[PDB]
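Structural features, examined
Letter by letter, the chains look like this.
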Amino acid sequence: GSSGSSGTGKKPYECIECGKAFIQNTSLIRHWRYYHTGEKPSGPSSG
Ligand SMILES: [Zn+2]
């Protein structure tokens, strides 16, 4: 099987550590200090 999406409209903020996407600035910093540098630092091995 297989499924996904080829292409995507640019955005103002988009995490690079994993590739997260956002529309606002605060929305970006959050994820940065929510899961990445937040609780359980050693767990997920996403790309
Ligand atoms: Zn991230």
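Our structure is the block above this text.
Summary of the structure given here. Sequence positions are given from 1 along each chain as written, possibly unlike the numbering in the entry, and residues without coordinates are left off. Here the side-chain values reflect all heavy atoms present in the structure, with hydrogen atoms and water set aside.

The number of helices and strands found in the protein chain is one helix and zero strands. For the protein chain, the spread of C-alpha atoms along the three principal axes comes to 30 × 30 × 10 Å. Looking at the protein chain as a whole, 11% of its 47 residues are labelled buried. With an accessible surface of roughly 4,300 Å², the protein chain has 48% of that area assigned to carbon and sulfur atoms. Where helices and strands are cited, they refer to DSSP runs of H or I of at least four residues and of E of at least two residues respectively, numbered from the N terminus. Throughout, exposure labels follow a simple rule: accessible area from a 1.4 Å probe, protein chains only, divided by the maximum for the residue type, with under 20% read as buried, over 50% as exposed, and the rest as partly exposed. Values of accessible area rely on a 1.4 Å probe in the Shrake-Rupley scheme; residue burial ignores everything except the protein chains shown.

The expected angle between donors at a tetrahedral four-coordinate metal is 109.5 degrees. At an octahedral six-coordinate metal it is 90 or 180 degrees. Here the zinc ion is held by the protein donor atoms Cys15 (SG), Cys18 (SG), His31 (NE2) and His36 (NE2), which lie 2.0 to 2.4 Å from it. Note: metal donors comprise N, O and S atoms at 2.8 Å or less from the metal (3.2 Å for Na, K and Ca); water molecules are not included, so apparent gaps in a site are possible. Think of it this way: with four donors and all angles in the 85 to 135 degree range, the site is tetrahedral; with four or six donors, opposite ones beyond 155 degrees and the rest between 65 and 115, it is square planar or octahedral; otherwise it is irregular. Given four donor atoms and angles of 93 to 124° at the metal, the environment of the zinc ion is assigned as tetrahedral. In primary-sequence terms, the residues that donate to the zinc ion follow C-x2-C-x12-H-x4-H. Here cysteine 15 is found in the segment before α1 (25-36), whereas its partner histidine 36 is found in helix α1, with 21 residues between them in sequence. Take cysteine 15: its relative accessible area is 4%, and that puts it in the buried class.

On to α1. A helix is expected to reach a length of 1.5 Å times the quantity of its residues less one. Helix length check: α1 (12 residues) gives 16 Å between terminal C-alpha atoms against 16 Å at 1.5 Å per residue, within 8%. Every buried residue of α1 is listed here: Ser27, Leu28 and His31. Projected onto a plane normal to the axis of α1, the buried residues spread over an arc of 100° and lie on a single side. What points out from α1, more than 90 degrees from its buried face, is the exposed set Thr26 and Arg33. Note: the arc covers the axis-to-C-beta directions of the helix.

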